[PDB]
Amino acid sequence: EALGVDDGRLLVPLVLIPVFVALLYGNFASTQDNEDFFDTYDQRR
Amino acid sequence: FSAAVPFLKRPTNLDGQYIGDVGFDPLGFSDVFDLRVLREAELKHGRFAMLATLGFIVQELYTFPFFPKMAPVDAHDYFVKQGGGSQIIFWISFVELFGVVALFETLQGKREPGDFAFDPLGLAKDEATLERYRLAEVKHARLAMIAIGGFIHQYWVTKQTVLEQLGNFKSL
Amino acid sequence: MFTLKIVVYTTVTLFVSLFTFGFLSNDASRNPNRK
Amino acid sequence: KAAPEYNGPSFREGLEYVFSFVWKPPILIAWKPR
Amino acid sequence: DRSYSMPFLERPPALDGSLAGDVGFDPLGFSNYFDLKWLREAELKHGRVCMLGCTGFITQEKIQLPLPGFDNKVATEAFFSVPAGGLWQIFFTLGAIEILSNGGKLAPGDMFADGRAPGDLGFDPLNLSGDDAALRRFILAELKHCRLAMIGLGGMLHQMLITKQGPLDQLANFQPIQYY
Ligand code: CLA
Ligand code: KC2
Ligand SMILES: CC1=C(C#C/C(C)=C/C=C/C(C)=C/C=C/C=C(C)/C=C/C=C(\C)C#CC2=C(C)C[C@@H](O)CC2(C)C)C(C)(C)C[C@H](O)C1
Ligand SMILES: CC1=C(C#C/C(C)=C/C=C/C(C)=C/C=C/C=C(C)/C=C/C=C(\C)C#CC2=C(C)C[C@@H](O)CC2(C)C)C(C)(C)C[C@H](O)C1
Ligand SMILES: CC1=CCCC(C)(C)[C@H]1/C=C/C(C)=C/C=C/C(C)=C/C=C/C=C(C)/C=C/C=C(C)/C=C/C1=C(C)CCCC1(C)C
């Protein structure tokens with residue numbers, strides 16, 4: 001009942017898909033200049 | 001001026017570069033397809049046949065105990081079901097992936113057709129011995145491809161295995 | 001019923017993850033006044 | 001611990017090559033008409 | 001000129017003696033179209049994953065932890081018996097090891113961006129990679145064990161799926177496929 005997950009197999013999509021996308025995002029994240037900006041928002045992208 | 005057939009002219013691309021050449025390409029298959037691909041095929045068919053001929057003879061005289069005794073061709077059927085068939089197909093297919101890579105190399109001209117570089121017992125001592133043997137193989141492959149076809153059709157009709165038929169001719 | 005549920009969960013998780021990580025990809029910088 | 005530079009094709013070209021293994025193998029180019 | 005492994009074919013151009021475990025076997029030429037450093041990291045990681053896994057299939061059958069549901073001898077069957085949450089906790093711990101080990105550079109383009117000769121995630125607790133000659137020969141071993149394990153795990157998994165028996169047990173009391 002925790003996410004409507006009555007069958008363990010339902011947890012394979014709820015984890016693998018967010019991880020995989022995050023993996024695509026990690027490459028975007030590694031390409032960014034990640035030093036601190038003293039600003040309202042970061043214009044470096 | 002084909003040597004094998006004096007009358008017909010030598011087919012244009014059969015010039016004796018490959019051994020086993022008597023100019024016999026009457027229907028001109030040589031011109032339409034790459035000769036190199038064809039030699040690969042001559043030997044590859046020949047190699048299966050030269051082996052199969054041995055097998056029909058051996059399978060008749062002796063069969064391993066664990067397999068039921070059957071006539072050589074009958075077995076294509078039991079083995080389709082025991083599952084031995086798949087194994088012999090899986091492996092001969094695996095060897096063949098490498099064969100596709102080998103062919104593409106022949107087409108790029110980097111491999112002599114029919115050469116898998118297998119001479120483990122090193123029988124080929126000299127470049128002449130290679131030419132002698134290489135011709136012998138091409139002759140045996142041609143004889144065997146004919147004979148295996150015979151062993152099978154004669155059985156389809158006589159319903160007798162080849163050695164048995166020779167013993168009891170049992171003419172139609 | 002399980003297969004429809006797993007397909008729906010896969011689709012919803014994919015789209016929600018795309019939304020979440022897209023708005024995490026420095027969305028404020030995607031304005032015409034950014035230099 | 002060898003680290004070759006690999007100034008070669010990109011990852012997408014490699015994936016396209018692996019797909020061309022199954023939709024365009026060099027099997028039939030050996031038999032080409034003249 | 002010619003691959004050592006496949007004499008008929010040509011040495012894959014990219015492969016030279018420098019990478020370890022190189023007998024020239026890249027017939028389909030994946031090397032030409034991907035980064036050897038990415039490819040090696042995968043040859044190693046799948047093996048290291050299946051050196052732990054293959055040992056795992058054998059150990060689980062002989063000895064099982066005391067906790068409930070850790071009692072199924074067959075590895076494939078055990079995956080279902082063990083509590084699902086625990087399996088996810090393992091997933092995540094491994095997932096963290098991935099990000100920390102690679103330093104967050106987790107993609108084909110960036111993993112090797114700083115140094116990181118493929119497979120050097122830094123685990124050499126007892127320094128044994130100080131001699132170079134020693135390192136060059138240990139590296140062949142890892143690859144040769146990684147390559148065997150890959151083949152072994154597949155065989156054990158598939159043979160268990162048919163037999164519903166762990167590897168050592170199936171060899172004992174072996175029965176032909178028809179019986180199962
Ligand atoms: C939070 C979890 C997490 C995260 C973020 C990562 C992060 C990473 N992992 Mg993963 N990993 C994890 C958990 C995680 N790991 C766990 C728990 C395991 C099991 C122990 C693994 C096992 C694993 C392996 C074996 C490999 C990685 C790799 C990687 C790196 C590249 C990721 C990538 O592009 O793959 C994105 C996802 C994909 C590209 C899909 C996978 C590709 C499929 C499965 C290939 C199928 C081949 C096919 C079956 C063969 C053809 C057969 C033929 C007949 C046609 C990255 C650092 C790879 C790496 O370092 O490469 C250099 C690598 O080889 N990881
Ligand atoms: C090596 C990977 C790994 C790490 C790094 C790790 C860290 C922690 C930490 C942080 C320090 C805490 C606080 C914690 C706590 C619990 N872990 Mg543990 N854990 C790991 C692996 C496993 C496995 C494989 C299982 C497991 C379990 C439990 C249960 C029992 C629940 C219950 O009582 O039923 C509790 C409370 C079992 C499970 O969750 O079963 C439902 C079980 O199978 N864990 N775990
Ligand atoms: C390459 C390699 C190696 C190797 C090797 C090998 C394995 C060599 C094997 C060679 C073989 C087996 C050649 C077999 C040829 C069979 C033939 C020509 C059949 C002829 C049948 C005829 C004429 C007939 C017939 C009949 C018909 C049709 C039907 C009947 O009614 C009548 C009749 C009986 C007349 C090794 C390791 C050794 C060493 C090396 O380092 C590399
Ligand atoms: C133990 C643990 C289990 C698990 C474990 C898990 C983690 C299993 C881990 C598994 C994976 C990572 C094993 C990977 C195997 C890949 C091998 C077989 C390779 C084939 C490549 C070769 C043939 C090639 C060749 C190629 C060469 C290189 C170059 C090319 O040009 C040519 C060619 C294509 C021919 C589970 C979870 C089930 C539970 C259990 O209770 C405990
Ligand atoms: C199982 C299932 C239940 C349990 C849990 C689970 C997660 C749900 C899941 C686990 C699953 C995973 C782990 C299952 C997937 C498993 C395993 C790891 C796949 C292994 C494949 C081995 C292949 C077929 C090799 C053939 C080797 C070749 C012929 C050697 C070739 C060689 C080269 C080319 C040339 C030289 C010599 C030769 C010998 C010719």
# chains A, B, ... in the order shown; residues from 1 in each chain; ligands from 1
$ residues_around --residues "residue 2 in chain A" --least-positions-apart "4" --cutoff "12 Å" --atoms "only C-alpha atoms" --output "PyMOL selection string"
(chain A and resi 6-8+10-11) or (chain E and resi 85)
$ write_last_selection --atoms "N, CA and C atoms" --output "CSV table (one decimal), in the first residue's frame"
chain,number,residue,atom,x,y,z
A,6,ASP,N,1.3,-3.2,-4.6
A,6,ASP,CA,0.9,-4.4,-4.0
A,6,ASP,C,1.7,-5.6,-4.5
A,7,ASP,N,2.4,-5.3,-5.6
A,7,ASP,CA,3.3,-6.3,-6.2
A,7,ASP,C,4.7,-5.7,-6.4
A,8,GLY,N,5.7,-6.4,-5.9
A,8,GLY,CA,7.1,-5.9,-5.8
A,8,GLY,C,7.6,-5.5,-7.2
A,10,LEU,N,6.2,-3.7,-9.3
A,10,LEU,CA,5.9,-2.2,-9.5
A,10,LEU,C,7.0,-1.3,-9.0
A,11,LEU,N,7.9,-1.9,-8.2
A,11,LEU,CA,9.0,-1.0,-7.7
A,11,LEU,C,10.2,-1.0,-8.7
E,85,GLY,N,12.3,-5.1,0.0
E,85,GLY,CA,12.9,-3.9,0.4
E,85,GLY,C,14.4,-4.1,0.6
$ residues_near_ligand --ligand "ligand 1" --cutoff "6 Å" --atoms "only C-alpha atoms and all ligand atoms" --output "PyMOL selection string"
(chain A and resi 19+23) or (chain E and resi 38+41-42+45-46+49+91-92+94-95+98+106-107)
$ atom_distance --atom1 "atom 11 (C, counted along the ligand's line) of ligand 5" --atom2 "CA of residue 143 in chain E"
20.8 Å
$ residues_near_ligand --ligand "ligand 4" --cutoff "9 Å" --atoms "only C-alpha atoms and all ligand atoms" --output "ChimeraX atom specification"
/B:97-98 /E:12,24-31,42-43,45-61,73-79,146-155,157
$ write_last_selection --atoms "N, CA and C atoms" --output "CSV table (one decimal), in the first residue's frame"
chain,number,residue,atom,x,y,z
B,97,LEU,N,29.1,-17.2,-37.4
B,97,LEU,CA,29.1,-15.7,-37.3
B,97,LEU,C,30.5,-15.3,-37.7
B,98,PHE,N,31.5,-16.0,-37.2
B,98,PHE,CA,32.9,-15.7,-37.5
B,98,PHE,C,33.1,-15.8,-39.0
E,12,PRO,N,42.2,-5.8,-35.5
E,12,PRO,CA,41.3,-4.7,-35.5
E,12,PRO,C,42.2,-3.5,-35.4
E,24,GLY,N,43.3,-9.5,-30.0
E,24,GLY,CA,42.8,-9.1,-31.3
E,24,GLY,C,41.4,-9.5,-31.6
E,25,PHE,N,40.7,-10.0,-30.6
E,25,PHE,CA,39.3,-10.6,-30.9
E,25,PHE,C,38.3,-9.5,-30.9
E,26,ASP,N,38.2,-8.7,-32.0
E,26,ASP,CA,37.1,-7.8,-32.1
E,26,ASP,C,36.6,-8.0,-33.5
E,27,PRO,N,36.0,-9.2,-33.8
E,27,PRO,CA,35.7,-9.4,-35.2
E,27,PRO,C,34.6,-8.5,-35.7
E,28,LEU,N,33.6,-8.2,-34.9
E,28,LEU,CA,32.5,-7.3,-35.4
E,28,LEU,C,33.0,-5.9,-35.2
E,29,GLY,N,34.2,-5.7,-34.8
E,29,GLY,CA,34.7,-4.3,-34.7
E,29,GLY,C,34.0,-3.3,-33.9
E,30,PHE,N,33.5,-3.7,-32.7
E,30,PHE,CA,32.9,-2.6,-31.9
E,30,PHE,C,34.0,-1.6,-31.5
E,31,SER,N,35.2,-2.0,-31.5
E,31,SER,CA,36.3,-1.1,-31.1
E,31,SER,C,36.4,0.1,-32.0
E,42,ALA,N,33.4,-1.5,-19.1
E,42,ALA,CA,32.4,-2.5,-19.1
E,42,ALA,C,32.9,-3.9,-19.0
E,43,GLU,N,34.0,-4.3,-19.7
E,43,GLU,CA,34.4,-5.7,-19.7
E,43,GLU,C,34.7,-6.0,-18.2
E,45,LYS,N,33.7,-4.2,-15.5
E,45,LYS,CA,32.6,-4.1,-14.5
E,45,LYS,C,31.7,-5.3,-14.6
E,46,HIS,N,31.4,-5.8,-15.8
E,46,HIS,CA,30.5,-6.9,-15.9
E,46,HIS,C,31.2,-8.1,-15.2
E,47,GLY,N,32.5,-8.3,-15.5
E,47,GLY,CA,33.2,-9.4,-14.8
E,47,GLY,C,33.2,-9.3,-13.3
E,48,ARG,N,33.5,-8.1,-12.8
E,48,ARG,CA,33.7,-7.9,-11.3
E,48,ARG,C,32.3,-8.2,-10.8
E,49,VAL,N,31.3,-7.8,-11.5
E,49,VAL,CA,29.9,-8.1,-11.0
E,49,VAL,C,29.6,-9.6,-11.2
E,50,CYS,N,30.2,-10.2,-12.1
E,50,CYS,CA,29.8,-11.6,-12.2
E,50,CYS,C,31.0,-12.5,-11.5
E,51,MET,N,32.1,-11.9,-11.0
E,51,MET,CA,32.9,-12.7,-10.1
E,51,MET,C,32.2,-12.7,-8.7
E,52,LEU,N,31.7,-11.6,-8.3
E,52,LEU,CA,30.9,-11.7,-7.0
E,52,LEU,C,29.7,-12.6,-7.2
E,53,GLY,N,29.0,-12.4,-8.3
E,53,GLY,CA,27.8,-13.2,-8.6
E,53,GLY,C,28.0,-14.7,-8.7
E,54,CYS,N,29.0,-15.1,-9.4
E,54,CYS,CA,29.2,-16.5,-9.6
E,54,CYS,C,29.6,-17.1,-8.3
E,55,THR,N,30.5,-16.5,-7.5
E,55,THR,CA,30.8,-17.0,-6.2
E,55,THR,C,29.5,-17.0,-5.4
E,56,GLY,N,28.6,-16.0,-5.7
E,56,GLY,CA,27.4,-15.9,-4.9
E,56,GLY,C,26.5,-17.1,-5.1
E,57,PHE,N,26.4,-17.5,-6.4
E,57,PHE,CA,25.4,-18.7,-6.6
E,57,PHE,C,25.9,-19.9,-5.9
E,58,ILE,N,27.2,-20.2,-5.9
E,58,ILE,CA,27.8,-21.3,-5.2
E,58,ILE,C,27.6,-21.1,-3.7
E,59,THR,N,28.0,-20.0,-3.1
E,59,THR,CA,28.0,-19.9,-1.6
E,59,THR,C,26.6,-20.0,-1.1
E,60,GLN,N,25.6,-19.4,-1.8
E,60,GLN,CA,24.3,-19.3,-1.2
E,60,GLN,C,23.8,-20.7,-1.0
E,61,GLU,N,24.1,-21.6,-2.0
E,61,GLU,CA,23.5,-23.0,-1.8
E,61,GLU,C,24.1,-23.6,-0.6
E,73,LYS,N,17.8,-22.5,-1.5
E,73,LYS,CA,19.1,-22.9,-2.0
E,73,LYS,C,19.3,-22.3,-3.4
E,74,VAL,N,18.2,-22.3,-4.3
E,74,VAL,CA,18.4,-21.9,-5.7
E,74,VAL,C,18.6,-20.4,-5.8
E,75,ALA,N,19.6,-19.9,-6.4
E,75,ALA,CA,19.7,-18.4,-6.4
E,75,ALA,C,18.5,-17.8,-7.1
E,76,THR,N,18.1,-18.3,-8.2
E,76,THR,CA,17.0,-17.7,-8.9
E,76,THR,C,15.8,-17.6,-8.1
E,77,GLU,N,15.5,-18.7,-7.4
E,77,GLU,CA,14.3,-18.8,-6.5
E,77,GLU,C,14.4,-17.8,-5.4
E,78,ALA,N,15.6,-17.7,-4.8
E,78,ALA,CA,15.9,-16.8,-3.7
E,78,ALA,C,15.5,-15.4,-4.0
E,79,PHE,N,15.7,-14.9,-5.2
E,79,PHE,CA,15.5,-13.5,-5.4
E,79,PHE,C,14.1,-13.2,-5.0
E,146,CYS,N,37.3,-12.4,-15.5
E,146,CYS,CA,36.0,-11.7,-15.8
E,146,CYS,C,35.3,-12.4,-16.9
E,147,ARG,N,36.1,-12.7,-18.0
E,147,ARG,CA,35.4,-13.3,-19.2
E,147,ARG,C,34.8,-14.7,-18.8
E,148,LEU,N,35.5,-15.5,-18.1
E,148,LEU,CA,35.0,-16.9,-17.7
E,148,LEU,C,33.8,-16.7,-16.9
E,149,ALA,N,33.8,-15.8,-15.9
E,149,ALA,CA,32.7,-15.7,-15.0
E,149,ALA,C,31.4,-15.3,-15.8
E,150,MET,N,31.5,-14.3,-16.6
E,150,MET,CA,30.4,-13.9,-17.5
E,150,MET,C,29.8,-15.2,-18.0
E,151,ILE,N,30.6,-16.0,-18.7
E,151,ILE,CA,30.1,-17.2,-19.4
E,151,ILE,C,29.5,-18.1,-18.3
E,152,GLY,N,30.2,-18.3,-17.2
E,152,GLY,CA,29.7,-19.2,-16.1
E,152,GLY,C,28.4,-18.8,-15.6
E,153,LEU,N,28.3,-17.5,-15.2
E,153,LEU,CA,27.0,-17.1,-14.6
E,153,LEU,C,25.9,-17.3,-15.6
E,154,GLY,N,26.1,-17.0,-16.8
E,154,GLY,CA,25.0,-17.2,-17.7
E,154,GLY,C,24.6,-18.7,-17.7
E,155,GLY,N,25.6,-19.5,-17.7
E,155,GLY,CA,25.3,-20.9,-17.7
E,155,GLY,C,24.6,-21.3,-16.5
E,157,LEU,N,22.8,-19.5,-14.5
E,157,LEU,CA,21.4,-19.0,-14.4
E,157,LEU,C,20.5,-19.8,-15.3
$ interface_residues --of "chain E" --to "chain A" --cutoff "12 Å" --atoms "only C-alpha atoms" --output "ChimeraX atom specification"
/E:79-89,91-92,95-96,98-99,102-111,113-114
$ residues_near_ligand --ligand "ligand 3" --cutoff "12 Å" --atoms "only C-alpha atoms and all ligand atoms" --output "MDAnalysis selection string"
chainID B and resid 43 46:58 114:125 130 133:134 136:155 158 160:169
$ write_last_selection --atoms "C-alpha atoms" --output "compact mmCIF listing (two decimals), in the first residue's frame"
# COMPACT_ATOMS: atom_id res chain seq x y z
CA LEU B 43 34.76 -25.39 -50.35
CA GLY B 46 32.35 -29.50 -50.02
CA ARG B 47 33.54 -29.46 -46.45
CA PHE B 48 30.09 -30.32 -45.10
CA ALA B 49 29.68 -33.05 -47.65
CA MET B 50 33.14 -34.53 -47.31
CA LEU B 51 32.30 -34.90 -43.61
CA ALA B 52 28.71 -36.11 -44.14
CA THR B 53 29.79 -38.78 -46.51
CA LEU B 54 32.06 -40.07 -43.76
CA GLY B 55 29.18 -39.94 -41.38
CA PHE B 56 26.63 -41.89 -43.36
CA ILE B 57 29.31 -44.55 -43.61
CA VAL B 58 30.22 -44.38 -39.87
CA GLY B 114 38.31 -20.80 -47.96
CA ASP B 115 41.23 -20.06 -45.63
CA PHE B 116 40.35 -20.20 -41.93
CA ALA B 117 44.05 -20.67 -41.26
CA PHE B 118 43.43 -24.10 -39.68
CA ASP B 119 46.35 -26.36 -40.17
CA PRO B 120 46.84 -27.54 -36.57
CA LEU B 121 48.85 -30.68 -37.31
CA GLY B 122 50.87 -28.56 -39.76
CA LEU B 123 50.58 -31.05 -42.63
CA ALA B 124 51.23 -28.32 -45.29
CA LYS B 125 55.07 -28.12 -45.28
CA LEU B 130 49.71 -26.59 -50.31
CA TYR B 133 46.61 -30.62 -51.28
CA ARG B 134 44.53 -27.59 -52.04
CA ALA B 136 42.93 -32.49 -53.73
CA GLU B 137 40.47 -30.89 -51.38
CA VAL B 138 38.70 -29.16 -54.24
CA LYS B 139 38.50 -32.47 -56.10
CA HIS B 140 37.24 -34.38 -53.06
CA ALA B 141 34.68 -31.69 -52.29
CA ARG B 142 33.31 -31.97 -55.80
CA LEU B 143 33.20 -35.81 -55.65
CA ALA B 144 31.67 -35.77 -52.16
CA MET B 145 28.97 -33.23 -52.90
CA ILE B 146 27.82 -35.61 -55.65
CA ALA B 147 28.13 -38.73 -53.50
CA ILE B 148 26.31 -37.41 -50.39
CA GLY B 149 23.38 -36.53 -52.62
CA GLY B 150 23.52 -40.04 -53.84
CA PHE B 151 23.60 -41.72 -50.51
CA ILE B 152 20.52 -39.87 -49.49
CA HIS B 153 18.37 -40.38 -52.64
CA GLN B 154 19.33 -44.03 -53.03
CA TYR B 155 18.09 -44.53 -49.44
CA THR B 158 15.86 -48.50 -51.70
CA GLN B 160 18.46 -49.53 -47.52
CA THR B 161 21.57 -47.88 -45.99
CA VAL B 162 24.48 -47.48 -48.40
CA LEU B 163 26.69 -50.37 -47.19
CA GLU B 164 23.65 -52.67 -46.82
CA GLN B 165 22.49 -51.80 -50.34
CA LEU B 166 25.93 -52.59 -51.67
CA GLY B 167 25.71 -55.99 -49.93
CA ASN B 168 22.15 -56.74 -51.11
CA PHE B 169 21.72 -54.75 -54.37
$ closest_residue --among "B:105, B:127, B:15, B:42" --to "chain D" --atoms "only C-alpha atoms"
B:105
$ residues_around --residues "residue 35 in chain E" --least-positions-apart "5" --cutoff "9 Å" --atoms "only C-alpha atoms" --output "CSV table (one decimal) with N, CA, C and O atoms, in the first residue's frame"
chain,number,residue,atom,x,y,z
D,4,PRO,N,44.0,4.8,-24.3
D,4,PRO,CA,44.0,5.3,-25.7
D,4,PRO,C,43.1,6.6,-25.8
D,4,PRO,O,42.1,6.7,-25.1
D,5,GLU,N,43.5,7.5,-26.7
D,5,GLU,CA,42.9,8.7,-26.9
D,5,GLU,C,41.5,8.6,-27.5
D,5,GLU,O,40.5,9.2,-27.1
D,6,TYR,N,41.4,7.7,-28.5
D,6,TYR,CA,40.2,7.5,-29.3
D,6,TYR,C,39.6,8.7,-29.9
D,6,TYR,O,38.6,9.3,-29.5
D,7,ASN,N,40.4,9.2,-30.9
D,7,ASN,CA,39.9,10.3,-31.8
D,7,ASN,C,39.1,9.7,-32.9
D,7,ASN,O,39.5,9.7,-34.1
D,8,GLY,N,37.9,9.1,-32.6
D,8,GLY,CA,37.2,8.3,-33.5
D,8,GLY,C,35.7,8.7,-33.5
D,8,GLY,O,35.3,9.8,-33.1
D,9,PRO,N,34.8,7.8,-34.0
D,9,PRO,CA,33.4,8.0,-34.1
D,9,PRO,C,32.7,8.2,-32.7
D,9,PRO,O,33.2,7.6,-31.7
D,10,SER,N,31.6,8.9,-32.7
D,10,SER,CA,30.9,9.1,-31.5
D,10,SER,C,30.1,7.9,-31.1
D,10,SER,O,30.0,6.9,-31.8
D,11,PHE,N,29.4,8.0,-29.9
D,11,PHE,CA,28.7,6.9,-29.4
D,11,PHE,C,27.5,6.6,-30.2
D,11,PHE,O,27.1,5.4,-30.4
E,40,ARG,N,36.4,-1.1,-22.0
E,40,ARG,CA,37.1,-1.9,-21.0
E,40,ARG,C,36.4,-1.7,-19.7
E,40,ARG,O,36.2,-2.7,-19.0
E,108,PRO,N,29.4,8.2,-20.7
E,108,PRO,CA,30.4,7.9,-21.6
E,108,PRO,C,31.4,9.0,-21.9
E,108,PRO,O,32.6,8.7,-22.1
$ atom_distance --atom1 "CA of residue 180 in chain E" --atom2 "CA of residue 163 in chain E"
6.2 Å
$ select_by_dssp --residues "range 21-177 of chain E" --states "helix (DSSP H, G or I)" --output "PyMOL selection string"
chain E and resi 30-33+36-62+75-81+84-102+132-163+167-171
